[PDB]
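Here the structure comes first, spelled out in structure tokens, and everything after it is commentary.
Number of protein chains: 2
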Amino acid sequence: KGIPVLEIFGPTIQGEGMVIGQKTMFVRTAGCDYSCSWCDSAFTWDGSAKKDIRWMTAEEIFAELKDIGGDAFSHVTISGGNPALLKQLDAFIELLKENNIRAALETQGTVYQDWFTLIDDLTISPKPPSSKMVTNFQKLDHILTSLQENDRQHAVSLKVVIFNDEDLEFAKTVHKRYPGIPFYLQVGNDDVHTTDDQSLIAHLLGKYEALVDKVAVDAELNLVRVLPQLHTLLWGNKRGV
Amino acid sequence: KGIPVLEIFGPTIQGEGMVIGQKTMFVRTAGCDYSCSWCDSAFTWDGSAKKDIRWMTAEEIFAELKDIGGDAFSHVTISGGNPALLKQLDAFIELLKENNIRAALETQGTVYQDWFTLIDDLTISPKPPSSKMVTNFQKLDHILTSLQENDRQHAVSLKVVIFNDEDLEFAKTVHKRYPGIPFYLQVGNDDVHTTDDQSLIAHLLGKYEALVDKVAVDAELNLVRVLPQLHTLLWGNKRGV
Ligand SMILES: Nc1nc(=O)c2nc(C(=O)OC[C@H]3O[C@@H](n4cnc5c(N)ncnc54)[C@H](O)[C@@H]3O)cnc2[nH]1
Ligand SMILES: Nc1nc(=O)c2nc(C(=O)OC[C@H]3O[C@@H](n4cnc5c(N)ncnc54)[C@H](O)[C@@H]3O)cnc2[nH]1
Ligand code: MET
Ligand code: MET
Ligand code: SF4
Ligand code: SF4
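Protein chains in written order, with the deposited numbering: chain D, 3 to 243; chain A, 3 to 243.
Following this line, the structure appears as structure tokens:
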């Protein structure tokens, strides 16, 4: 029943996706069924921080959020890792809704949980070929079908990270497969380890413009948002922000 | 019945507000009832480009959009200037909807038009004391009341530009006055004339972080998005992008 927690920080801003810029708290869980080659939070699954895992109850996480956040937040983003691996997260999501706190979720869309229907901002991020991951579309279909059946279409978005042209073609395939779902494109980060912020920012902004220029002429990507990682532009690869 | 046009460009991305990152075309009109001290598009009203005004029909604007944009767009953003000054814009907004094109609008919220109800993404931007403008709240109440009566609440947002603490207090007043409306905070641009992009980007990112740090501890700004100007981070103060 305990929840494996690695990070609890905030208040900060959501740097990605459907609710980008939103002031929110963060709860990063441990464990991933994926092993993406460019995972910017590899410590959640690579075993390098397994000893740092704190198994907490829903009340303990909420108390710690209220502690470091005070009354200066009404939004909480649950990430990882793949939080969808944890069924016991239901007690925490319910506790948030019972305290007038809106919840967001970051998942790659492999495992479905019934507490998905309680998420106000559900971001599903299928992984492109550059992540060396293989996408199970049957599992992705089941998740999106279940969400649409519970009228959660206003709370669900698709976000694909792009590193090259191959990823962009993969993103088009996903977008065409699910026409009604709000679609997002995200700039891929090359160096998730570098400490030189100035070079990183200039590099990512260059990648952003190159992506924008490419999508601009693609007629199959008209209903698409193109966004970077704002928190990376502000603090680089720093954790806890 | 002619529409005063100064800019027609795209496809690019929406760099601000509720639909930030969205691939869209731009139609910037002429004329403003405001004279904000930090207007990043002063040429639309300061009279410096009055000779460049092209009075076009709805069909001519649409034909030019289809010309430079092709079939690589499904979204059009109408800005200025204050487009709400133009009643004859109705024919153009209708023409967009009749051609499966979603329309967005940028206005400061002074003048109301009946074609507001046809806008898919209506951004209202009340001006803070730093703009040297005085906000008529009675006019702002009428606009927001009319929109809520036609169930356009899903299509309307409030966005306040912040330059200092005084603007931030003004933003809180606006947010408190309209609790149900999605609220946005935007980083103010100091130098809208500078040509040194690298210094401008580093300066605006610093202003962004300072704004985020300030909002993070404010309990009255929980349901708030904090965003910069993405197009300024990509192309600086360049026009036509
Ligand atoms: N302020 C703030 N602080 C954070 O810590 C924070 N974290 C996240 C977050 O972890 O979301 C997960 C998404 O990140 C993607 N992702 C992984 N690796 C990536 C990479 N190398 N390049 C580009 N994208 C990558 C992944 O697809 C997933 O959808 C989001 N917003 C945040 N905002
Ligand atoms: N790609 C792309 N190209 C554009 O040309 C473009 N234009 C606009 C746009 O004009 O929106 C108007 C908003 O801009 C605000 N605004 C004025 N002056 C400002 C300033 N000095 N600093 C900070 N904000 C300012 C104003 O409040 C208004 O709400 C929006 N997105 C765009 N995206
Ligand atoms: C570091 S990614 C965390 C969320 C989830 N694993 C995803 O990829 O969407
Ligand atoms: C250059 S701003 C253009 C849109 C409108 N005048 C506003 O301030 O919101
Ligand atoms: S699914 Fe997300 S957390 Fe897991 S390895 Fe991929 S990017 Fe990292
Ligand atoms: S209302 Fe908008 S266009 Fe008019 S002066 Fe102010 S910022 Fe410029």
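Virtual Cβ for every residue (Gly too), placed ideally from N, Cα, C.
Could you spell out the range, first to last residue, of the alpha helix (DSSP H) harbouring residue i?
i	result
D/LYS216	199–218
D/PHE139	139–151
A/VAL136	First-last for A/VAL136: undefined, no H or E at that position.
D/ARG179	167–179
D/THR234	232–237
D/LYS99	92–99
Starting from the beta carbon of residue i, find every residue of chain D whose beta carbon is closer than 9 Å, and list them in chain order.
i	result
A/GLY72	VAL219 and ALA221
What does residue i reach in chain A if we use C-beta pairs closer than 8 Å?
i	result
D/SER76	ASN224 and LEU225
Alpha carbons only, please: which of the options is nearest the one belonging to residue i?
i	options	result
A/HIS177	A/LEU160, A/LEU88 and A/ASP193	A/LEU160
A/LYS3	A/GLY12, A/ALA60 and A/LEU236	A/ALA60
A/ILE103	A/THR109, A/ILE95 and A/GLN110	A/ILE95
A/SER133	A/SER39, A/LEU236 and A/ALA173	A/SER39
D/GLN231	A/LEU97, A/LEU207, A/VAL158 and A/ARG241	A/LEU207
D/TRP237	D/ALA74, D/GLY17 and D/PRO6	D/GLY17
D/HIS205	D/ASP192, D/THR26, D/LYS68 and D/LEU97	D/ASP192
D/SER37	D/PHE28, D/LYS99 and D/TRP47	D/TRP47
A/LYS99	A/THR137, A/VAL228 and A/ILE121	A/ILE121
D/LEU235	A/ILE203, A/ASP116, A/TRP57 and A/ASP35	A/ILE203
A/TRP57	A/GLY33, A/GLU211 and A/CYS41	A/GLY33
A/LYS68	A/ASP42, A/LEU97 and A/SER43	A/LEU97
A/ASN166	A/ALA74, A/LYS216, A/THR196 and A/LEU8	A/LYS216
A/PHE75	D/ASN152, D/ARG227, D/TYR180 and D/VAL7	D/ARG227
residue 1 of chain D	D/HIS144, D/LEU8, D/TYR180 and D/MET20	This structure cannot speak to residue 1 of chain D, because chain D is shown only from 3 to 243.
A/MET135	A/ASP35, A/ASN101, A/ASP153 and A/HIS144	A/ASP35
A/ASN138	A/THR197, A/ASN152, A/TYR114 and A/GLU151	A/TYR114
A/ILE126	A/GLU66, A/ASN101 and A/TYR180	A/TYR180
A/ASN101	A/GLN90, A/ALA65 and A/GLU168	A/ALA65
Is residue i near residue j, with beta carbons less than 9 Å apart?
i	j	result
D/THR14	D/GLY83	no
A/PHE118	A/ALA93	no
A/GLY182	A/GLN155	yes
D/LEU88	D/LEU107	no
A/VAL189	A/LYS174	no
D/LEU149	D/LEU187	no
A/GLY111	A/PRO131	no
D/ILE63	D/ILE5	yes
A/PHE28	A/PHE45	no
A/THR79	A/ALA51	no
D/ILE22	D/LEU229	yes
A/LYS240	D/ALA218	no
A/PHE185	A/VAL162	yes
A/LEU170	D/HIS77	no
residue 1 of chain A	D/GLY49	No statement about residue 1 of chain A is possible, as the shown extent of chain A runs from 3 to 243 and does not include it.
D/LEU146	D/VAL158	yes
A/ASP42	A/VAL194	yes
Residues of chain D with CB closer than 8 Å to the CB of residue i, please, in chain order.
i	result
A/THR14	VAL214 and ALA218
A/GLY242	Here the premise fails: no neighbours, minimum Cβ distance about 13 Å.
Which residues in chain A sit within 9 Å of residue i, going by Cβ to Cβ distance?
i	result
D/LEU229	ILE15, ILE22, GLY23 and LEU232
D/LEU206	Those do not exist, as D/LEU206 stays about 10 Å from chain A at its closest Cβ, beyond 9 Å.
D/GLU211	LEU236 and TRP237
Return the first residue and the last residue of the beta strand (DSSP E) that residue i is part of.
i	result
D/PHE185	185–189
A/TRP57	56–58
A/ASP123	123–126
A/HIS156	Looking at the DSSP string, A/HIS156 is not in any beta strand (DSSP E), and its letter there is neither H nor E.
D/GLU9	5–15
D/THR196	First-last for D/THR196: undefined, no H or E at that position.
D/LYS25	25–31
A/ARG104	104–109
D/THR119	Here D/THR119 belongs to no beta strand (DSSP E), and DSSP marks it neither H nor E.
A/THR79	77–81
How would you list, in chain order, the residues of chain D whose beta-carbon sits under 7 Å from the beta-carbon of residue i?
i	result
A/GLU171	Within 7 Å Cβ-Cβ: nothing; A/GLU171 doesn't reach chain D, min ~16 Å.
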